[PDB]
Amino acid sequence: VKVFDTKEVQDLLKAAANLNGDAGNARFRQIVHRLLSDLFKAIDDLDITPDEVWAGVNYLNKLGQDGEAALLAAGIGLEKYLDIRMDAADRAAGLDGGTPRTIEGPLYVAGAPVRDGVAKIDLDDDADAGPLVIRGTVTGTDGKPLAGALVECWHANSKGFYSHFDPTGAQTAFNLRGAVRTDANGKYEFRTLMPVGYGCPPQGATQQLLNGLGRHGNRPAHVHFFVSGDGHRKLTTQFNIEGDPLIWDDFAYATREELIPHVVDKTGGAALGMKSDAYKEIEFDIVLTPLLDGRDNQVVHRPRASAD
């Protein structure tokens, strides 16, 4: 049957969203009515059965019980879609020359201590991960170095786990997470260990849905960044470790070709405090976009973990 266009259904939708109610949150009612109407129309068009609907309802219970709604947002491409819309706005405004944005992901932790110029961020030993220096210069789109800019990074250990999200045992707070204020020449440096990619929690809601679709839930190795500075917008970006076999098959659709720097083999590591003489270096320069009339039209406020 097809009932969506009937007066009874359209009246039910108006009542459910309270469109005819006292002055209230008009924007919220507008969004709820649109999403509910679309859901009801999809049920009608695809003849989605009650059994199917209740399985979807049960899935939402599991998704929130697992705390995975934001992981699903990444895995179904919603997070990338938000970036697509932000990129389209920037393109229409005539912006070019900044380091491309990519997705934040769900694993930022606020509160990492800020160091001047250089930070050593591997606090826990990890035998299987080799030493890695990440360094670069932050500039604006006019080419000038930005001094005192804040460069923040976070990444996984050799087992694919981040501090504050490790199910095998708590890591030291802020392991593999750091923040540096750039020096007078715009330079930042992190001394860390090499990340490995990772998958979704195998018994969790995100992987359950991916299994139903026939998709994997893995990401190639990467390092996340927030970069900010006076006069400039906040950049959310990352880079990927070159040569990872999943580099162009991220389940969260985050890879971009300008964000795959070369990895160089170096010596002299002990004098830098690294755990071996031989180490890898990645030079990742970053270009920030200026504010428009003092405003940042793309900074995102979302729930984020914190720690002391």
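Numbers for residues come from their place in the sequence shown, where the first is 1. Rigid core here is just the name for the largest C-alpha set that superposes within 1.5 Å across the two forms.
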For this session: Consider 215-223 and 165-173 separately and indicate which one has Cα atoms farther, on average, from the shown form in 4 other deposited structures of this protein after rigid core alignment.
Result: 165-173
Problem set entry | Core-fitted comparison in 4 other deposited structures of this protein, 90-98 vs 145-153, farther C-alphas | 90-98
Seminar exercise, completed: Mean Cα B-factor check, 130-138 vs 164-172, entry values; winner is 164-172
Seminar exercise, completed: When mean C-alpha B-factors in the record are compared for 62-70 and 242-250, the larger belongs to 242-250
Exercise. Considering only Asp183, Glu104, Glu152, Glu189, which residue's Cα atom bears the greatest B-factor as recorded?
Worked result: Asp183
For this session: Identify, among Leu82, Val109, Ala156, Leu95, the residue whose C-alpha carries the highest B-factor in the deposited PDB entry.
Result: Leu95
Exercise. Hey, what third does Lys266 fall into on Cα B-factor, ranked over its chain?
Worked result: middle
For this session: Using the B-factor values recorded in the entry, state whether the Cα atom of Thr236 falls in the lowest, middle or highest third among the modelled residues of its chain.
Result: lowest
Exercise. Among the modelled residues of its chain, does the C-alpha B-factor of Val299 lie in the lowest, middle or highest third?
Worked result: middle
Exercise. Is the Cα B-factor recorded for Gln30 in the lowest, middle or highest third of its chain?
Worked result: highest
Exercise. Can you tell me which third, lowest, middle or highest, the CA B-factor of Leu292 falls into for its chain?
Worked result: highest
